[PDB]
Every structure is written in C-alpha cells, then in structure tokens.
Amino acid sequence: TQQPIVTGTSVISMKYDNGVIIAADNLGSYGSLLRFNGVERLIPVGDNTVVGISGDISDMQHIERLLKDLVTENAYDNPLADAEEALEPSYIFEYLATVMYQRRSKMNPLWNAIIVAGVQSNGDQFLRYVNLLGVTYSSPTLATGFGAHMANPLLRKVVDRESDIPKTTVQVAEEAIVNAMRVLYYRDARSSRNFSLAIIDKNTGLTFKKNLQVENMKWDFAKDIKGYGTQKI
Amino acid sequence: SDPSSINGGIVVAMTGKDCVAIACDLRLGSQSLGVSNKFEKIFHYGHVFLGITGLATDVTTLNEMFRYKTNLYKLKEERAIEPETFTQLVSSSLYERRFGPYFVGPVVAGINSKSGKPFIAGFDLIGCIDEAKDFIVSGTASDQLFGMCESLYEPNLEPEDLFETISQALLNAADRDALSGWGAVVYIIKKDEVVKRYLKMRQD
Amino acid sequence: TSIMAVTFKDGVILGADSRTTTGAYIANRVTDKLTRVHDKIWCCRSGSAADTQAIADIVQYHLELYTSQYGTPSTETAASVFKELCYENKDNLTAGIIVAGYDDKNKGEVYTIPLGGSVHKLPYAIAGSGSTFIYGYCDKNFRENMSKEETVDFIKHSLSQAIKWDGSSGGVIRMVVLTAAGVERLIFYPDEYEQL
Amino acid sequence: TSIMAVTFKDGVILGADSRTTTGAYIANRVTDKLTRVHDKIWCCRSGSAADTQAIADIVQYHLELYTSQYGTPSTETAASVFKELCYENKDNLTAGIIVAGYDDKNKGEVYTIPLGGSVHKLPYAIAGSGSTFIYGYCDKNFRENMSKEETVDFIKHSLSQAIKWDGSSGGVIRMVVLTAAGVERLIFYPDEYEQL
Amino acid sequence: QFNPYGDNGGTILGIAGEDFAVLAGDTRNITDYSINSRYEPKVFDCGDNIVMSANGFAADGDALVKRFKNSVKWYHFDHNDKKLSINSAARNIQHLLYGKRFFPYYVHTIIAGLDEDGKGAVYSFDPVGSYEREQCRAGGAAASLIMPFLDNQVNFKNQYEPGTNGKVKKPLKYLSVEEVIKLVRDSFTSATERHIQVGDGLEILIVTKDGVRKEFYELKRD
Amino acid sequence: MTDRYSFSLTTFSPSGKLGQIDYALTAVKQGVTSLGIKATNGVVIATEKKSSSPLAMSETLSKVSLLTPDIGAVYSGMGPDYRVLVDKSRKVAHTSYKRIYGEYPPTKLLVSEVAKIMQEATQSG
Amino acid sequence: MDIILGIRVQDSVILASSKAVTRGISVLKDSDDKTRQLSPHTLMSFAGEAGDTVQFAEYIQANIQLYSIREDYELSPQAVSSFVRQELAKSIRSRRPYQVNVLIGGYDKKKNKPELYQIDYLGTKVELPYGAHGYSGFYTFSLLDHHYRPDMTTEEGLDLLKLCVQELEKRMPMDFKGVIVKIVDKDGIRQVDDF
Amino acid sequence: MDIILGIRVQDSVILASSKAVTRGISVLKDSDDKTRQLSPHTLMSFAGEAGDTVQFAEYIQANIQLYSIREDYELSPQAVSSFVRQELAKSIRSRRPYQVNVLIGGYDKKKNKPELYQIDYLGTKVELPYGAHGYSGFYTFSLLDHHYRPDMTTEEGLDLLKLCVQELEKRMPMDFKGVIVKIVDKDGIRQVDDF
Amino acid sequence: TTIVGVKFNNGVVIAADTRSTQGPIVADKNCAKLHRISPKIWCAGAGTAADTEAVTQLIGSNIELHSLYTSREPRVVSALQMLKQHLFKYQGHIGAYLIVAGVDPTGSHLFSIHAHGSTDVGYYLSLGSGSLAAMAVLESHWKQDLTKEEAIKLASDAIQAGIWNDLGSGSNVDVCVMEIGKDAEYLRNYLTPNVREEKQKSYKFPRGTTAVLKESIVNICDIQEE
Amino acid sequence: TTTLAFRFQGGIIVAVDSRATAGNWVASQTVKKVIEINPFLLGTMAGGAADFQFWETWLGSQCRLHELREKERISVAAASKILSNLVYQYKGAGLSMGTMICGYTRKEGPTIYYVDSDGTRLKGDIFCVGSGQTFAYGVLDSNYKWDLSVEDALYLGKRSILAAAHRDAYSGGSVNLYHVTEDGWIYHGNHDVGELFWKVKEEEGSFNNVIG
Ligand SMILES: [Mg+2]
Ligand SMILES: [Mg+2]
Ligand SMILES: [Mg+2]
Ligand SMILES: [Mg+2]
Ligand SMILES: [Mg+2]
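Residues numbered from 1 in each chain as written, not as in the entry; some residues may be left out. Chains lettered and ligands numbered in written order. Part of a larger assembly, values for the part shown. Heavy atoms only, no water.

- Method-wise, the PDB entry is recorded as coming from X-ray crystallography, at a reported resolution of 2.90 Å.

Shown next as structure tokens:
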C-alpha cells in the first residue's frame, strides 16, 4: 500500500474504421503543483501498439521498463520476432493485466489506469483498459480519470455502438479526440495545454504525434462576466 | 441501530381505473424478535388514507398528529381534507423537523371527492414528495416491492383485478424480507365504498 | 486562486485569476474574484467562496450606510470593517482578503487580511494558493512608484507564473485599475500571458 | 531546505543552503547538503537526513565498485542507482534527491528524483521546502548555456529568495562547480546574499 | 489507504428447466456513476456443457472464471478426457473460493448446465465457497428486485387456485425454454427501469443436451 | 423606554359599550363609500378614488388590493390602517396556510385571519 | 432491571417481575418490587436504566393520581397507556431520555375486560394477550405461544407463568432471585405472596 | 468459565468448581466438570477463555501421563505445578496466549502433605492454604480468612466450603448452577457426589 | 441529476432530466425538477431533494410577498440574494444546489447557487451528478449570440449527455424557456427517448388467486342522521 | 438460524430450519443445515455457512480415512475432536461455527457433541444453536423425556423449530428432520413452515394469538 506522488491525468482513446486513436497530456503533477511539463505518457511497443498510462509516474516508468524488457525477451531465439511472432497488442495487454492484478493481490499495487491501444495481425482493432485493481474492460471509447466523465460522452456521440465503427473515419475520430482534449483543458485542474496523440492504423501503421497544443479556445465571453450576482461594474 | 429498520414492515400503494389500493404487512418487531402480528400501518382521515412505515413510535405519533390536524382542518374548512392537500400537509409537517426528523416512510392514497381522480403519493423521512402515477412503495422490503410492482403492474386495472396485483406484490416481497410479514391487509378504495381484506400468508 | 494588489504612482491595481475548483474539477473557469465594496474600494477574494462573498456583501452594506451618514469612507476604514468580521468570526471563516482602494488624500493603499483576521498595510500584497510560487519573483521585481503600464506588466507576469505552477489557478487574468481618473477593468487571455 | 542544480556551458553547478531544523530549533546552521558519490558526480539532499545520508552512502559504494570493474560511471548510471533505491523502498523513505554530474562526452547533466522514486532529466532542478517560493523566479531567469559567473549569480539570487521566505532554510549558501577543469567549492555568507 | 476491492455492478440470473438451463446477465459494466462499457460479456462458456458467471468485483470475477476454465482443462489431462459433471464442477469451485477464505473473491458465483441424468441444474455460491443446487437464482445488483418476482412466477408462491380460496395451491407445472426466456427478459426489463446499474444489453446462454446457445437482447441505455 | 402600555386601551363602559370600537366605526362612517355585489358567476367590489389633490397621482394610491390570486379587498375609513392590514393579510395567507397546505386559503378563512388581527387590536395592550 | 412478564387471561391481568437488584458485581437486594399502582384497577411494572425506572414510574403515578382527584374518576387502562406512551415518546428526543420499559396491566370497569399494554422506552405501544421486555420474551414466548388460551382462568395463567419462570431459571445466565406476582382484576390489585 | 475454589486442610486438598457452561444468552450445560486428573494423586481445575481451558488442561494431562510412563514414577505436586507455570509463562508472550487460570491440588506421597497451588494465565504461581480465581476470591476470602485452620478435617473443610458457596449463591449476579467438589488425599482422588 | 442553464439572444433557458433516485434504486421515473420561484423566474435543483423543493418554495413565497409589497415584478438578483443568505446561515446543512434563471425588468439572468451559500454568474452552467457529461457538451457547442432554437437544442443535448452517460440521471428532458417581453413557457417532457418496451407477458392474475381471511366495509362517511 | 439435536431412548433427533439472510434480505428459504457427514454421522449448520460446509465435508473425508486405516467405525468422540482440534488451530482467524456432531455407535450409544469455533467441545443430551435457539429450548425443556417414542420425539423437534421459526425473524422457510439410529440416520422429510404452522395451529390449538 502506498499513495501516488507524481501523477498523470486523463488518457483518452477510441476506435475508428481502420484502427484506434489514443491521446494523453504531457503533464506530471505533484499534487496541485504542475511540476513536470515534458512527460510522455504514451509509450509505443513495436509498430502496432501504444500503451497510454495515467496515475503514479514512478510506477509508469517501471511499467515502461517492463515493456522495453518484454520486447527484448520476445526477440530471444525468435527468427520471426519482426514478423509472425512479433508482440501483439493482446499479448502486451494480458501481460500488464496479469501484473496489475497480481500486484493488487499482494496489497502493493501499481497505482495506474492503463489503456492499451493497437491493431492485431488480422487487422482487428484492439482497445482495452486495466487499472491498479486489475479491473479490465473494453469499449468503442475508453478513458481514464476525468476523461471518463467528460471525454467519453463526447466520443460516444461519434461511436455510440459497435456498428458505428466502420462509419467513422480517421479524420472524424481525430477531430473528436482533439476536441475532447480541449474540453479537459478547460475543466480539469490537473491538465496541461501540451499533449501527445497516437494513431495506429492497419494500413498506414503507427503515427505518433508529439508537441500538440490545444487551440481554437473560447475565452472572449469572460470579459462580459462581472461579479457574482448583483455587481454591475 | 438504524431507526428505519428496528421495527420493520412495509406499505405499498397502487392506482387503478377509478380506484386506488393501499396495503401493508402487520409485523412489529424488536430487530430479530417478533413482537406483534396486529400492528396495522394504514390509517385514514375521512376518505384520505395514509400508510406509514419505519420506526413504530413515530408511526403512532404521526398518526395521532395527522388525526389532530385533519380534525381541526375539517372544523374550520367545513369539509373533509383531500389527498392532494393532505400530501402537502404531510410534507410540511415532516420538513419542520428537518434537523430532528421522524424516521418514517409515509404513503398517501385516496380519490379526490370532487374530480373523482385516483391519487397516490410517497415521502422520504424529511418530506420530499414522490407523486407517481403507477405505484408507491415503502419499508424494509422496498427494493423487493419495486421489483414486484414494476413487473406485475399494468395501468387501468379494475378494482378486483388491482386487489390481486397489489396483494401478490406485497406478499412475495414480504416473504423475501426477514422484518416483514406476520399477516397483511389490503384496502380497495372507490369513490364511495372501501373494502378492507386481511390476507392469509406464512407466519415466519 | 492567485490574487494580488499593487500600489503605484497614480493609485493601485488589483489582479486575479479566474479559476474556481471543487477538488480537481474546475467549477468555474471565468470567475470574477475582483469585487467592489465601494466606488473606489475593491477587494481580492481567496478561501471559501461562500464566506468571502458573504463578508464582501456585508462590508458593501456597511460602507453604503457609512457613506449615507458620513460621506466617502477611507480605504483604512473598509479594511477595518473586513478585519472586524474576519477576526471576530475566525472560528467559522476561511477567508483571505486583500483590500485595495484609492483616496485623493492618501492615494493608492493596499491592506492584506490573512486567515487569522490580522491587518497588514503593504506597498503590495499577494495571496491565494498560487501566491507561494511567486514570492521570490514579486520581491525581486517590485518597485515603488511604478507607472500604470509597468504595474500592469508586473501583475501580468506575476500571475502568469502563479497560474503556470498552481493547478488551482488559471483561466483569464482579470485586473481593476483604481486612480483619480476612475475605474478601469482589464482582461488578459491565455494566448497573451502564457507566452510571456 | 533549499537546493538546486543548474547546467551551463562548461558543465553543471550544485547549490544548497546550510540549515537543518528539528521543528523550529536549528539543529545545524552550517550543514553540507552537497554530497559526493563520485569524483564528478554529486547530489543535493532533501527530506530525511538519515534516509538521504544512508542512500548516498550506498550509492557511493555502488559507484566505487562499478568504477573498479567497468571504469568511470555516467551521470545517468548514478541517477539510476539512486532511483532504484528510492523507488523500491518508497514505503520506508522520505528522500528528495537531485543528482548532478559532469562527463566529457555528455557534459553537464541534472537528474531530479522526487518522493515517489521517479527520475526526471532536466536542464536545471529545484527542490526542498524553500523551492516552492522560487518556481516563478527560476522559470523567468533561467537560460541555457549560461557562463560560470552567470550560473553562480542565478543560483545565488535564487537560493537567497528561497532562504528569505522559507524558515526551514538559511545559513550559508554552499555551491559546488563541476567542469572539465575539476571540482570547485564555493561558499557565500549572509552579509553577501541578503543584500541582493 | 488502498482498497483492493471494487464494485462493477451488473446483475445475473440462472434458471433450471426440466431438460435445459439458462444463465443470463446484463452486459453493462460500471464504477460509481460512470459506465465503463455497454457490452462487456459476463456469462461464459467454460466447456463440458457448463456455463459460469462471477458477478460483483470484475477483477476477481475474471480471475475465478479463468482459474475454473483452467481447472476444466487440467481435469481432462489428469483423468483421460473425462467430462466434468456439473456437481463435480460445483465442488471444485467451492475449493477455489475457500482457497481465498481470508482474502475472498468478492463475487457471487452462479453456474448452470445439466446434471448426469440430463435434467436442468443451477448452482449458487457465496463469496467464500458455500454452495447449493437451486431451481432459480438471481445475483448481483438487482437480485432483490428479481427474486421475489421469480418466487411468484416460477414457483407460484402465494398463488392459489380460484374458487378454493387459499385451500388448494396452484400446481407446479413445468416451464418450457421459451417460457423461461420470457420471464428472464421481463425480469431484466423491470430491473433496468428501477435499478441504475442495470441496462445496455442482455446476454443469455442456454444449455441443452445439444450444446450451448447464445441469445442477445437490447436494454435501455439510460 | 419599553412599551409600558401593557394594559387594554379598549374597555367596557357601564352601559356595556366598547367605546374605542364604536368610535372606530364612527371613523368608518366618515370614510368614502365602497361597496360589493355578488353575482352567480363572479363578484364585484368598487369604491371612489377621492383624490386629496389634483397634483397627486391617484393611480399610485390603490384602494382595491389583491390579497391572493382569487381574493381581493376594498375598504372604507382610514387608508393607512387599511394598507398595513393588506400587508398583514397577504403575509398571513402564506405563513398560516400556503406554506402548510401548498395552496391559497379559501375566502372565509383568510377573512377569519384578518378578523383575528383586528380583534387583537381591540383587546391587546 | 432484568425480567418483567405480563399475561392477560379471561378476567384478569397477571404481572410477574424479578426481585433482584444487581449493582455491578454484587446483588444488593433480593426483594425489590418493580411496580407501581397508578389507580385502583391499573398496575404498571417497569425495567430499564437505574434511577430512571423508579423516577419515571412515580412521575406517572402522581399524574394519574392527580387526574383521579381532579375529575373524581378512574381513567381507563387504554387512556393511561396512551398517556404513558406520549411521555416516553416525548422523552426519546429529549436532552437525556428516560431509559425505561413498562407493562401496564389494567381492568377496564366500563367494558369489564382485562387489558395488557406493552410500551418500550421509545414509546412503542402494543396491546397484547401476553408480553415481556428485554430478553425475557426470547425464552418465554415459545411457551406462551403454545399453551396460551384467551379463556384461561387466573389459576391456569399462574401455572403457565410458573412454567415460563422455570424456563428462565434454567437457561438464563443471570440469577434474578425469583419474581413477585400481582393480579389485576375487577376487585382491584393483589399480590400472590407465595410463588 | 466462572468459579473455581480450592482449600488445603490437614490431610487433603479440596477443589470446588462450578457446573455452568454459559454461551452468550443461554446456559448450554449445568453439569460440566472443570477438572482433569494429571496423575493418581494430582488434580487440576481450570477456568478462563472457551476452548483454551480444555485444550490446555488436556495438553498438561498428556505431558504428565507421558512422564509417568517414561520414568514409571509420579511427579510431586510441586514439580507438576512448576511445569504448568512454565507452560503458561511461555504462553503469555506467544502469538496467541492461552487464557487459562488453574488450581493444582495434590497430595505429596513422599512428604505425606497436601498441597494447593494457584497459577494464573500469566504464569503467576503461589502455594496457598486456600485459593481462587477471578471474582470468586472477592466473596469467599473474608470467610476463609476468618474460619480457616491448618489442622481442619476434611469434613470441616467441606462445611467451610459450603459456607463459601452459599455466600456466592447469595451475592453473585450469575447463576453458576452449583459446584462439583473433589477431594485429593493419600488414597487418591474422589468426587463428593452430593453437594 | 443533470440540470443545465443556457443564455441566448433575448433570454435564458433551463433544462433537466426526470430521474429521482434513492441510492441505486429509481424512485420516480418522471420527476419534475424544474421549479417555479415566480412566473418568469424558474430554477432547477440537485442534492437533497427536500431541501431544493423547500428552499425554492420559501424564497418563492417571500418573493411573492415582496412583489406585492413593492408593486414590482420580482427580480432574479432578489431570489439569488435571499437564497444565498438563507443557505449560508445553515452552513451547507441545507443540501440545496440550484441553477436559477429568469427574466425581469432589468433583463435576462442566469446564476448557480451552492449549498454553502456561494453563487456564480455564467452564460452556460450545469449542476448535479451528470454535470460533467453535460458541461462537456456545453464546452463543445456553446457560442455567443445563440438563438432561441439553438439554445433549446444545446440545453437538451447537454441533458441527454447526462441521461445516457450518468447513472444518476435518466428518462426524459424537461425544458423551460424564459424570453424577454414574453410569458415563460414550461415544456414538460420536451423529449421522451426512454419509453419502456412492451413486456413479453401479461401478469394480470385470475380473480381469486390471493387467499383471503376477512372482508369488511370501511366507514369513510361521517356519522349519519336519524 | 435455529438448529437443535437431542438424545433419547430411540437414538437422536436432529431438527433444523432452512432460512438464510444477508441483513434483512432473505437470501434463501431452501438451505440445508444438516450435513450428511456419512451414513452414520450428522452435523448442523450455525454461524458461517461455508465454514460448516467445507470443514464438515472435510471431516467426512477424515472419518473415511480413519475407518480405512483402522478397519472400524470412527467414534463420535473421535470425529467431533478432529473437527474441534482443526478449528482451534484457526482460532483468531475468524472462522464462524456452531455445530452439533451427532452419531450412534456400539461403544458410546447415541452421542451429541457441540463444537464451537472458539474451540469448545461439549458432550450433552440436548443442544440448541442459532438466532432462534432460546425459542426452541423452551419447547424442548418443558416436553423432553428420555422415554419419548420415535414418533413423538420427531414431532417435538419439528414443533420446537416451528416455535423459533415463528418468533425469530432470521429463522424459517422449512423444517428438516433426521432420526439417528445405530444402523445410520434416517431422513424424515422437508416441512414447509408456512403449511406446517396452520396445520399445527388447528390440530394442536396453539398460537391462539394468531388469526387463521
Ligand atoms: Mg419474513
Ligand atoms: Mg494552471
Ligand atoms: Mg438503468
Ligand atoms: Mg462557512
Ligand atoms: Mg421468522
């Protein structure tokens, strides 16, 4: 049993017709202090998987090393390490899900909420969630922390059920994700303007976008707002 | 410890075609100990019927209080109080004890004497009104009653059909609750006649 | 919350962010923490919103009744009424208020009233959760008898840093300028102050 | 405690105050918080003195044994050993360590390791109770590739402010300069830095 | 303090027929007031004509179902591909659960299938392993809403024959698979109306001598 | 200070007359005429707007007042006494009825509450 | 105090009440009468927290005796029980509530019927054929359920009461030092001196 | 369990032990023998937490019976008491201590003397002319202090023991359902079947 | 509960869901959360349901008396000031969280009130357990100079977000539109996207199914003449 | 819960209720509170349901191993002590158990051992365990004799559960009867309390307080 110290906020993600999108801001908070502004919380594994992590950063860095170590181990005595016997998203997830539940069962959890986004060998989209309790679930849209409360509602308006996935293009999906990140910046007190976004497509592969910013913000209406009730000036 | 589940018991009310029905079990207990099998939880003031679940001492106190108040109402107004009006009186009376409340789950039932419209209502211990069209439930087997009522109920039931629905809703709910049962009563209420029926049920 | 009041040559300027949080949720991102108790006596509010609003409303009442009887009150007088409420009800209040005003006789004055209910007259004052991060900056960069433009830059740069580090602060930077000329409201948006 | 490490053109400089407190009593007013784990790899200690001393002593042992086998270790390697101890024993440690070192290949590097046990490579790092008050100042005044004299002034001014506001910090400002030229100790007394 | 348990909501329902058995469950997965997934399968085919669901804390639910499926596999290895009878599966699950008596799987487990005489069977477990064969069992969030309805409509409790007036009970006539499915659907429709954690979708697994069949139905998504 | 008049100012005279009530009725007699007529589908109340000066805006002086959405009042006698009675009548319709029963009082009971206030000024200290 | 029983038979009400008064580690008295006569044909037994029991009982006694003088009339058992319930119901939301449970056994001279009322400290009143307070019911009610008849004689009621006391003396851990039994009928209140 | 007494007279040791076994609200048994014979001339009575009492008593019994067979010799009461004390002293700093108090009454065949040892759950041993555990001493010791003589006969000891039991039956709140009395002398151990 | 308030061109609109719950159980599937303080001042409540109802009626009553006393139509700022001073006095123990909206001679207004007595101003607001779902929709689609039709659409879309995604909210959408120089229009059950499907079976029992012990006529009438 | 067991001329009668409750919620009315350890031994359920099921099923395994090794029926004393020694090892861990180990052997005759999760092991003639134990004890104590017939003894046990089922809120559902002889136990059926109550009320004249 511990308490999280340096923390990362929402990870948001969704499926679209040919793959999955995932995003997460570049902030490492220290309570209310916005301590570290250059933290990458999307960690790619191979060319077909991106693991997005929220929660305790020291535990994220540990998980980051486990995944790095997993790729090394898979390559050992494996002539097809970059082909048929490459790491799948489903393998990477199940491994993490095992570790998370084992650690919670020893009463010493990895204080995280994780989303594994990727594309399988047969072109199927993979999107599944796991957290410090070892709880897992899958859905057309997945989000951690504040993202669950604010991002999911917006993303679910695009893909409300399984049958909406083939109807959703990468441009529409990316637009919804970027808009959701803006909403979280307005409303989550532990968020930052700078974020990273990753697309895993079955045709065009892994596209990792760094140093993105929330733009097209609405603040002008603030000038008209005065006082807290009766004040006019 | 929890005042609303020391004595136990339940009330349920339903609407039908030109009629309402209100029913209750007869159990009074001290937690595990069964104390009385004749503790009725439905009262009436004129043609307005009030069921009350929860702490028994409050059930009694509130009945005496609403008798008191509806009696003065009648003397001054020169007419019997109506369900809609009484419902507001119950709400007022409960909320005036906001920070020291009666631990009860009241349920109003009746037919408006002028419009002939069937009426039911329920309250939390603090006076918030729940005015449902279909049915109102209250007591230690409220979850069970919600489940029974939701599936068994259909609108515009005739008095004799409604009796069967509310009876079966109460009985099967009470049988899944340790602190309810020990007999039951059902009131079938029409605009100018009221029939009261004691139900035969398991006595454990 | 990040709030401050700074005296300068022509008078005094009050500055504040616009973020109000319930835990980590931003309940209001365009809050107005600069509130008016008299024509040219304003205050910056930090702590319990309910408490600071209730206090401010009472002060405004007291200064309105004061004016009806004895004419325009001093900034010192307004601060005294704030103190009286905060000190006497210290057990039931969580309020940190900076009082700022402009007389013609006394010119720009700033009084800070922290949790305890004490009063401190200062050249400038900083308060709120975000103030901790700018004690160093503000001490190094404050000068007495600054110009209007210099003081606006000093406040803008200061609160920009407080916002940058404090998660509890953010949104727009509101400011209110108090001089002989009158009362001027200023607003500065994220795109402006973040790049500083 | 007020501690910091800053990279510059020729290498890196570590800076620290000298106050150690037990409650409000200053147990040691001339403490040396800049400690050596290798010839040109030093660290700044904050948190439990017992913990940070024990950790530093173990790291020094590890780097001494590393050197005997594999030659001079990298600054990254030293930070990794610090992390390994801090992370794996997070439940029983209260340690906030800044690691700073000088290679010829990598030049000046700074790594910060907060309570959790995470590692963050930065151009400069600040830590300790007094650091809160100088986030604003340090962010506004830091530049990359400063000179030795500029970096000493930046650290001196920063810690001066941290000392000014933080009661837990004080005494002398110690500094250690790490460059190709070697290892230089610097000390600055109250009469010098207070008037800044 | 770290709390190793959580509540993923959900509601399950098992009903044993004369020569069949059904195990149903909603597909909604939740924490607090948020929906995690509108379709997260909860009832599982474990092989050997057995179906299983472990409702409650989904991490323990998934862990248990996984371990039981594993136990079925090793039963085949160790005992010459012998079919694991429903009664044997039930006893095995008791030991899995009681294995963690002092740090329990926070789940209410139900399995269903056919017994060795080909008749319908449903077993119901508590979190620490006490189990029992039953004809009818709802589990999870809206169990209290469903069970009384089942006592009334499956076992004909408190129902008597008209004219006799409480003297003759309604006879316990056997229900067909079509009749059971109706009662399952209405149970979940009613539960969806009155319980916030119930909704989205209903998935039913029907077990007969011919094998395991699946049926899915929509539920209100509010 | 303190209201040291804790005794009745209205008392029975040897002849059984309550002087102050009689004298109040005399003041009502001097007052401007007002009337009321009840129909089968409504009621009408009316009075003359006796303007004290032509410079005065007689629209601002309301002799006919709404007490509840379904109840109105008009008077004869001392206007200021009427004004305060209307204020008290409006408030009592809420405090001693609407806030209890969630509906406006019937005419007779509101009248009863007004009467009670007027009776008390006939007996109180 | 500990055990108080009550049984309404054909033409009388019988109240049985333990004699022990235990104070921590010692039994200070073994002949305590846990009852007060409220009126000639109304008896109240009581059990609960020390001091409160007697204080409450005597307070009720005085109030009924006052009513009896004022109106030159004896209140019905039902009327007395309703008064008592209100006082306890008033008490439960007080600064310091009376912690007292009572049984009111009375003979209604108007209706020519015996009446037994059971009221707990919360103000929970019930009219019963037989009653108890605390753990007493747990041992005795199964026997009373079995044997009780509404047309029992006073002698048959006392025999059933002995069987209840015997079961208590066998299975209760506490020694309650026997019971004082009193009968309430048309002729008034009398004590069975041998039991 | 509740009350266990012991008295050493001229030529024997007498142990009296209650018969009640109470489990919460009910007295499950009224004929329980709270004693074990450790050797032909050594008897141990016991009282404390449920389960632990019997488990401990039987464990001691087995160990003494084992010693008796190995050496073909009966250990002295003093030796047995010292062994028992060590086991309890070992127990008090264990993970889960035995919550058991004992009296060891024995006749030393070598010295031709009766001996009574009192040992509590902490391992606090004392040799006494008369002893008790729990609250039993509070009622009885004043009587034993007054009447006891070292040259008492077994019949006189039993009479003084009756007076102790009577005082317990009068002033103790709990009903301990009488006592089983056993005498330990040169001829061995026997039970007084009428008491 | 999901409640929202949206300012527009010539007025303000408020909306709310219709689910009231006791814990995880739905007590009323069509609760009316839109309450009237005065004809053209409406408010929606969340938190303790009795406290929201009670506090709006009390202020609504005092507002009516104030309106009669001053011969002026009631102002939103008066309702706001009276609510906050009442709630502040009880230091949060009255668990009322309100969105207050209305039109008066001063113009159109929109405020939020929290239980401890703090108040806020805004062009768009949301309260309740579905406030985060609703606010997401508001932050994604709100703009300045909304028309009446746009504001109704936005408000109800924000409530829908709550209905679907928040378990504490559900059933239907109530809307009330308060435009300047017009009567406020209360649109009860503006949307009905959650009608229960027809059941598979009728559960109407045969008459005489229930076992009965005693029947009797209850005398509801008064004591009779002769 | 209400469970009882008593020794008599014709062996042992065991009688239990069938209710299971989680708080006020009645989880089951058809619970088996008599474990059939083997054809000659019975055990009762009170306290923890899983603890009873698990460890008394386990006890049956230990008894089977005993008679395989010793070529002789295990004594009731030995069978009870295996279970009591086991739970005593777990003392403190939080096992919940209150059971009567009932059996009939040649050397012992009919024997009943009350076994407890506190480590208590008591031999006795009459035992009642559960939330409704006090109600059952009353009927038992007043009507018990050693020279009861098997027919009357079976009824007494049935009637004593009914007494508890009525009063005790956490007891009821149905009554299970067993009769333990030297040649083994004999099951005497499941008896619904709902139907039994009215049957007993009429035939016996008891429960006059209740309207039927
Ligand atoms: Mg029941
Ligand atoms: Mg910020
Ligand atoms: Mg639902
Ligand atoms: Mg406050
Ligand atoms: Mg029962």
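**Considering the pairing of strand β3 (residues 19-25) of chain A**
All names here are of chain A.
- Along β3, 7 of the 7 residues are buried, which leaves the element largely enclosed by surrounding structure.
- Relative to β3, strand β2 (residues 11-16) is paired through 6 bridges, and the arrangement is antiparallel. Counterpart to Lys-15 in the pairing with β3 is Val-20.
- Where β3 and strand β12 (residues 194-201) come together, 7 bridges link them in antiparallel fashion. Bridging across to β12, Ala-23 finds its partner in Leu-197. (Buried < 20%, exposed > 50% of the residue type's maximum accessible area, 1.4 Å probe, protein only. Helix = DSSP H or I, 4+ residues; strand = E, 2+ residues; numbered from the N terminus. Pairing = 2+ DSSP bridges.)

**Focus on the UniProt feature "binding site: bortezomib" in chain J**
Residue and element names in this part refer to chain J.
- Mapped onto the present numbering, the UniProt feature "binding site: bortezomib" falls at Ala-49.
- On the secondary structure map, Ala-49 appears in helix α1 (residues 49-70).
- Overall, the relative accessible area of 25% leaves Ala-49 in the partly exposed class. (UniProt positions renumbered as here; feature names shortened; annotations may be inferred.)

**Considerations on the sheet that holds strand β13 (residues 212-218) of chain I**
- Here we have 6 strands laid out as an open sheet, ordered β10(B)-β1(B)-β2(B)-β11(B)-β12(B)-β13(I), and antiparallel in their pairing. Strands with a single pairing partner mark the edges of an open sheet, and in this sheet they are β10 (135-139) of chain B together with β13 of chain I. Pairwise comparison of adjacent strand axes, ignoring direction, gives a mean angle of 15° for this sheet.
- Judged from the 6 bridges that link them, strand β2 (residues 19-25) of chain B and strand β11 (residues 184-190) of chain B form a sheet pairing that is antiparallel. What sits directly across from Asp-25 of chain B, in β11 of chain B, is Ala-184 of chain B.
- In this fold helix α4 (residues 159-174) of chain B packs onto β1 (10-16), β2, β11 and β12 (193-199) of chain B together with β13 of chain I, with an angle of close to 155° to the strand it touches most, β1 of chain B. (Axes fitted to C-alpha atoms, helices over the stretch in contact; angles between N-to-C directions. Contact = heavy atoms within 4.5 Å.)

**Describing the interface of chain A and chain I**
- At the interface, 22 residues of chain A touch 22 residues of chain I.
- With both chains or domains summed, chain A and chain I bury close to 1800 Å², and 62% of this area falls on carbon and sulfur atoms.
- Contact with chain I buries area across many residues of chain A, yet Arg-187, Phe-221 and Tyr-228 of chain A alone supply 26% of it, more than any other trio.
- For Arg-187 of chain A, the salt bridge is made with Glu-139 of chain I, and the minimal N-O distance between the two is 2.6 Å.
- For the pair chain A and chain I, the interface holds 4 residue pairs in polar contact.
- Mapped by element, the contributors of at least two residues to the side of chain A that touches chain I are α3 (146-156) and α4 (170-187) of chain A. (Buried area = accessible area lost by both parts, 1.4 Å probe. Salt bridge = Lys/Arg side-chain N within 4 Å of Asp/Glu carboxyl O. Polar contact = N/O pair within 3.5 Å; in protein donor to acceptor, adjacent residues only side chain to side chain.)

**Topic: the nonpolar core**
- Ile-12 of chain A together with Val-6, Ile-37 and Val-100 of chain I are the most contacted members of the largest nonpolar core, which has 79 residues in total.
- Of the residues forming this core, the biggest block, 9 residues, is contributed by α4 of chain A.
- With 61 residues, the next largest nonpolar core counts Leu-152 of chain B, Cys-136 and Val-154 of chain E together with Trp-25 of chain J among its residues. (Core = buried A, V, L, I, M, F, W, Y, C linked by side-chain atoms within 4.5 Å.)

**Things to note about the packing of α1 of chain J against helix α2 (residues 76-89) of chain J**
Residues and elements named next belong to chain J.
- Put simply, α1 and α2 touch, their axes get as near as 10 Å, and they point 130° apart. With respect to α2, the axis of α1 lies oblique. Relative to α2, α1 is oriented so that their crossing is right-handed. On α2, the residues touching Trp-55, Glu-56, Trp-58, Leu-59, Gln-62 and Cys-63 of α1 are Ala-79, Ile-82, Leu-83 and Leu-86. (Parallel < 35°, antiparallel > 145°, perpendicular 65-115°, else oblique. Left-handed = near helix turned anticlockwise from the far one by under 90°.)

**Comments concerning the pairing of strand β3 (residues 65-68) of chain F**
Residue and element names in this part refer to chain F.
- Note that β3 and strand β4 (residues 71-73) share 3 bridges and pair antiparallel. Within the sheet, the bridge partner assigned to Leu-66 lies in β4 and is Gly-72.
- Adjacent in sequence and paired antiparallel, β3 and β4 are bridged by 2 residues.

**Brief notes about the sheet that holds strand β9 (residues 129-130) of chain B**
Residue and element names in this part refer to chain B.
- Strand order across the open sheet formed by 5 strands is β5-β6-β7-β8-β9, with antiparallel pairing between neighbours. Two strands close off the open sheet at either side, each with one partner strand: β5 (42-45) and β9.
- As paired elements, strand β7 (residues 104-111) and strand β8 (residues 118-123) share 5 bridges and run antiparallel to each other. Bridging across to β8, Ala-109 finds its partner in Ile-120.

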